[PDB]
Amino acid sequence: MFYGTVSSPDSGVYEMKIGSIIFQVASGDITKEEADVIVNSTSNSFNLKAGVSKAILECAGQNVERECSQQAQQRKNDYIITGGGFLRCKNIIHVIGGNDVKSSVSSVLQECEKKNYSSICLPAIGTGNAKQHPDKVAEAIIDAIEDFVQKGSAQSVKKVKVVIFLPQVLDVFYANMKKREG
């Protein structure tokens, strides 16, 4: 109903259409990416500095760290939105790695439509300190995008890219894409 064909447009990058959205996966360092939104996978305190979250907060800088801890004290949040600091993005959306990954990605997509943003980059949310299993994470991320497209919600969002630090986790995402292809 929604899925195109898996191909490789550039070395180490694999992509397929999901409705009107280009879905891409690659291995590498997420802090080197440019997108309207970059997603951080953190703790329920929004102050984790381990693995991908260490790289994101160190490269974003101390003003972003401070914005996180100010919002965390204000109310109980499922996720928080900050500026991008010294990352190449307009906003960082910090999601809780231990939460339901489908729910987290659905929230990211909705917030990007509210801002008329076109591009998103995320890590393999929950596979670091939260220790969620990589094929459950892949299934949940791609399911969230399919649901968003099925509801007719994709308008401004055009590109969703997962940049994955371990090549072995990239292999799991690729297999999940191939299972779905038209």
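Note that residue numbering begins at 1 and tracks the sequence as displayed.
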- Can you let me know which of the two, 103-111 or 71-79, has the higher average C-alpha B-factor in the entry? 71-79
- On average, which has the higher Cα B-factor in the deposited entry, 35-43 or 124-132? 124-132
- Task: Using the entry's values, work out which of 30, 59, 157, 137 has the largest Cα B factor.
- Result: 59
- Item | Within-chain third of residue 175 by Cα B-factor, per the entry | middle
- Message: Which third, lowest, middle or highest, does the C-alpha temperature factor of residue 169 belong to within its own chain?
- Response: middle
- Task: Divide the modelled residues of the chain into thirds by Cα B-factor and specify which third, lowest, middle or highest, holds residue 21.
- Result: middle
